Amino acid sequence: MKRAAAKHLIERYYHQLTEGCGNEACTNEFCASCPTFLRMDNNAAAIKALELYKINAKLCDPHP
Ligand SMILES: [Zn+2]
């Protein structure tokens with residue numbers, strides 16, 4: 001029943017709030033490493049990970 005693909009998708013949103021997406025040039029309010037980000041808790045980052053997940057908002061995919 002554990003959806004690994006879904007859990008990691010949520011973890012990419014969670015990573016997006018906690019650590020960001022690495023790039024300096026990101027203008028996403030729902031994302032760290034962006035000027036528009038306010039420092040939230042990891043509990044709040046996981047809550048907002050689920051919010052952005054279910055609505056399928058602007059996710060920053062890791063593309064080297
Ligand atoms: Zn970003």
# chains A, B, ... in the order shown; residues from 1 in each chain; ligands from 1
call {"tool": "residues_around", "arguments": {"residues": "region 7-22 of chain A", "least_positions_apart": "2", "cutoff": "9 Å", "atoms": "only C-alpha atoms", "output": "ChimeraX atom specification"}}
result
/A:2-5,24,26,30-34,37,39-42,44-50,52-53,59-62
call {"tool": "select_by_dssp", "arguments": {"residues": "chain A", "states": "helix (DSSP H, G or I)", "output": "PDB file with N, CA and C atoms, in the first residue's frame"}}
result
ATOM      1  N   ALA A   4       5.799   4.340  -3.007  1.00  0.00           N
ATOM      2  CA  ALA A   4       7.175   4.877  -2.964  1.00  0.00           C
ATOM      3  C   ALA A   4       7.331   6.102  -3.884  1.00  0.00           C
ATOM      4  N   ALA A   5       6.743   6.010  -5.095  1.00  0.00           N
ATOM      5  CA  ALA A   5       6.787   7.090  -6.106  1.00  0.00           C
ATOM      6  C   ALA A   5       6.095   8.365  -5.586  1.00  0.00           C
ATOM      7  N   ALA A   6       4.926   8.174  -4.939  1.00  0.00           N
ATOM      8  CA  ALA A   6       4.140   9.265  -4.327  1.00  0.00           C
ATOM      9  C   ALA A   6       4.878   9.888  -3.138  1.00  0.00           C
ATOM     10  N   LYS A   7       5.494   9.026  -2.305  1.00  0.00           N
ATOM     11  CA  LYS A   7       6.198   9.441  -1.076  1.00  0.00           C
ATOM     12  C   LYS A   7       7.430  10.300  -1.413  1.00  0.00           C
ATOM     13  N   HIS A   8       8.156   9.887  -2.472  1.00  0.00           N
ATOM     14  CA  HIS A   8       9.327  10.621  -2.982  1.00  0.00           C
ATOM     15  C   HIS A   8       8.896  11.922  -3.665  1.00  0.00           C
ATOM     16  N   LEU A   9       7.714  11.923  -4.320  1.00  0.00           N
ATOM     17  CA  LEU A   9       7.143  13.135  -4.964  1.00  0.00           C
ATOM     18  C   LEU A   9       6.873  14.212  -3.891  1.00  0.00           C
ATOM     19  N   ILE A  10       6.250  13.770  -2.785  1.00  0.00           N
ATOM     20  CA  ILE A  10       6.012  14.588  -1.578  1.00  0.00           C
ATOM     21  C   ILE A  10       7.348  15.065  -0.980  1.00  0.00           C
ATOM     22  N   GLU A  11       8.369  14.182  -1.032  1.00  0.00           N
ATOM     23  CA  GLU A  11       9.725  14.456  -0.509  1.00  0.00           C
ATOM     24  C   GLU A  11      10.468  15.491  -1.375  1.00  0.00           C
ATOM     25  N   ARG A  12      10.088  15.606  -2.663  1.00  0.00           N
ATOM     26  CA  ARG A  12      10.660  16.620  -3.579  1.00  0.00           C
ATOM     27  C   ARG A  12      10.039  17.995  -3.305  1.00  0.00           C
ATOM     28  N   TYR A  13       8.746  17.997  -2.928  1.00  0.00           N
ATOM     29  CA  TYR A  13       8.065  19.199  -2.416  1.00  0.00           C
ATOM     30  C   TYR A  13       8.639  19.589  -1.034  1.00  0.00           C
ATOM     31  N   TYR A  14       8.878  18.581  -0.185  1.00  0.00           N
ATOM     32  CA  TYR A  14       9.419  18.763   1.178  1.00  0.00           C
ATOM     33  C   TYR A  14      10.848  19.325   1.108  1.00  0.00           C
ATOM     34  N   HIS A  15      11.643  18.786   0.162  1.00  0.00           N
ATOM     35  CA  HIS A  15      13.013  19.247  -0.121  1.00  0.00           C
ATOM     36  C   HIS A  15      12.970  20.668  -0.673  1.00  0.00           C
ATOM     37  N   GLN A  16      11.932  20.946  -1.488  1.00  0.00           N
ATOM     38  CA  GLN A  16      11.698  22.270  -2.086  1.00  0.00           C
ATOM     39  C   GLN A  16      11.485  23.342  -1.001  1.00  0.00           C
ATOM     40  N   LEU A  17      10.773  22.993   0.090  1.00  0.00           N
ATOM     41  CA  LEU A  17      10.539  23.930   1.215  1.00  0.00           C
ATOM     42  C   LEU A  17      11.758  24.016   2.174  1.00  0.00           C
ATOM     43  N   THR A  18      12.401  22.876   2.489  1.00  0.00           N
ATOM     44  CA  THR A  18      13.486  22.836   3.500  1.00  0.00           C
ATOM     45  C   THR A  18      14.820  23.361   2.930  1.00  0.00           C
ATOM     46  N   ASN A  42      10.095  22.122   9.627  1.00  0.00           N
ATOM     47  CA  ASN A  42      10.091  20.868   8.827  1.00  0.00           C
ATOM     48  C   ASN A  42       8.730  20.154   8.901  1.00  0.00           C
ATOM     49  N   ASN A  43       7.988  20.388  10.002  1.00  0.00           N
ATOM     50  CA  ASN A  43       6.601  19.894  10.151  1.00  0.00           C
ATOM     51  C   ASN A  43       5.683  20.655   9.172  1.00  0.00           C
ATOM     52  N   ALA A  44       5.879  21.991   9.114  1.00  0.00           N
ATOM     53  CA  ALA A  44       5.132  22.899   8.219  1.00  0.00           C
ATOM     54  C   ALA A  44       5.504  22.666   6.745  1.00  0.00           C
ATOM     55  N   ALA A  45       6.774  22.280   6.521  1.00  0.00           N
ATOM     56  CA  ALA A  45       7.323  21.979   5.187  1.00  0.00           C
ATOM     57  C   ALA A  45       6.715  20.689   4.636  1.00  0.00           C
ATOM     58  N   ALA A  46       6.456  19.731   5.548  1.00  0.00           N
ATOM     59  CA  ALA A  46       5.816  18.446   5.225  1.00  0.00           C
ATOM     60  C   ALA A  46       4.301  18.623   5.000  1.00  0.00           C
ATOM     61  N   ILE A  47       3.677  19.534   5.774  1.00  0.00           N
ATOM     62  CA  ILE A  47       2.252  19.905   5.610  1.00  0.00           C
ATOM     63  C   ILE A  47       2.036  20.543   4.226  1.00  0.00           C
ATOM     64  N   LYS A  48       2.898  21.517   3.892  1.00  0.00           N
ATOM     65  CA  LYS A  48       2.804  22.257   2.631  1.00  0.00           C
ATOM     66  C   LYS A  48       3.281  21.381   1.454  1.00  0.00           C
ATOM     67  N   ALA A  49       4.117  20.360   1.754  1.00  0.00           N
ATOM     68  CA  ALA A  49       4.503  19.322   0.778  1.00  0.00           C
ATOM     69  C   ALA A  49       3.261  18.570   0.281  1.00  0.00           C
ATOM     70  N   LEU A  50       2.369  18.206   1.230  1.00  0.00           N
ATOM     71  CA  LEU A  50       1.083  17.533   0.930  1.00  0.00           C
ATOM     72  C   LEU A  50       0.095  18.464   0.196  1.00  0.00           C
ATOM     73  N   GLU A  51       0.085  19.766   0.558  1.00  0.00           N
ATOM     74  CA  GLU A  51      -0.789  20.769  -0.090  1.00  0.00           C
ATOM     75  C   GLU A  51      -0.444  20.912  -1.570  1.00  0.00           C
ATOM     76  N   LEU A  52       0.836  21.207  -1.830  1.00  0.00           N
ATOM     77  CA  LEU A  52       1.379  21.390  -3.185  1.00  0.00           C
ATOM     78  C   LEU A  52       1.334  20.082  -3.990  1.00  0.00           C
ATOM     79  N   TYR A  53       1.380  18.944  -3.278  1.00  0.00           N
ATOM     80  CA  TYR A  53       1.303  17.612  -3.893  1.00  0.00           C
ATOM     81  C   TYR A  53      -0.095  17.355  -4.473  1.00  0.00           C
ATOM     82  N   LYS A  54      -1.135  17.529  -3.636  1.00  0.00           N
ATOM     83  CA  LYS A  54      -2.512  17.142  -3.991  1.00  0.00           C
ATOM     84  C   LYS A  54      -3.081  18.068  -5.083  1.00  0.00           C
ATOM     85  N   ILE A  55      -2.702  19.363  -5.035  1.00  0.00           N
ATOM     86  CA  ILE A  55      -3.123  20.359  -6.045  1.00  0.00           C
ATOM     87  C   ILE A  55      -2.209  20.295  -7.283  1.00  0.00           C
TER      88      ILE A  55
END
call {"tool": "decode", "arguments": {"residues": "region 44-60 of chain A", "atoms": "N, CA and C atoms", "output": "compact mmCIF listing (two decimals), in the first residue's frame"}}
result
# COMPACT_ATOMS: atom_id res chain seq x y z
N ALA A 44 5.88 21.99 9.11
CA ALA A 44 5.13 22.90 8.22
C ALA A 44 5.50 22.67 6.75
N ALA A 45 6.77 22.28 6.52
CA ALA A 45 7.32 21.98 5.19
C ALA A 45 6.72 20.69 4.64
N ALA A 46 6.46 19.73 5.55
CA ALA A 46 5.82 18.45 5.22
C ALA A 46 4.30 18.62 5.00
N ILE A 47 3.68 19.53 5.77
CA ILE A 47 2.25 19.90 5.61
C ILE A 47 2.04 20.54 4.23
N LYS A 48 2.90 21.52 3.89
CA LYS A 48 2.80 22.26 2.63
C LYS A 48 3.28 21.38 1.45
N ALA A 49 4.12 20.36 1.75
CA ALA A 49 4.50 19.32 0.78
C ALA A 49 3.26 18.57 0.28
N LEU A 50 2.37 18.21 1.23
CA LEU A 50 1.08 17.53 0.93
C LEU A 50 0.10 18.46 0.20
N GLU A 51 0.09 19.77 0.56
CA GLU A 51 -0.79 20.77 -0.09
C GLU A 51 -0.44 20.91 -1.57
N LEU A 52 0.84 21.21 -1.83
CA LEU A 52 1.38 21.39 -3.18
C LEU A 52 1.33 20.08 -3.99
N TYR A 53 1.38 18.94 -3.28
CA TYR A 53 1.30 17.61 -3.89
C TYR A 53 -0.09 17.36 -4.47
N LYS A 54 -1.13 17.53 -3.64
CA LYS A 54 -2.51 17.14 -3.99
C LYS A 54 -3.08 18.07 -5.08
N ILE A 55 -2.70 19.36 -5.04
CA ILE A 55 -3.12 20.36 -6.04
C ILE A 55 -2.21 20.29 -7.28
N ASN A 56 -1.02 19.66 -7.11
CA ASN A 56 0.03 19.54 -8.15
C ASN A 56 0.46 20.93 -8.64
N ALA A 57 1.08 21.69 -7.71
CA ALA A 57 1.55 23.07 -7.95
C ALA A 57 2.92 23.08 -8.66
N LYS A 58 3.58 24.25 -8.66
CA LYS A 58 4.90 24.44 -9.27
C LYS A 58 5.98 23.70 -8.45
N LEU A 59 6.31 22.48 -8.90
CA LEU A 59 7.44 21.72 -8.36
C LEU A 59 8.70 22.03 -9.18
N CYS A 60 9.82 22.15 -8.49
CA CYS A 60 11.13 22.31 -9.10
C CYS A 60 11.77 20.92 -9.22
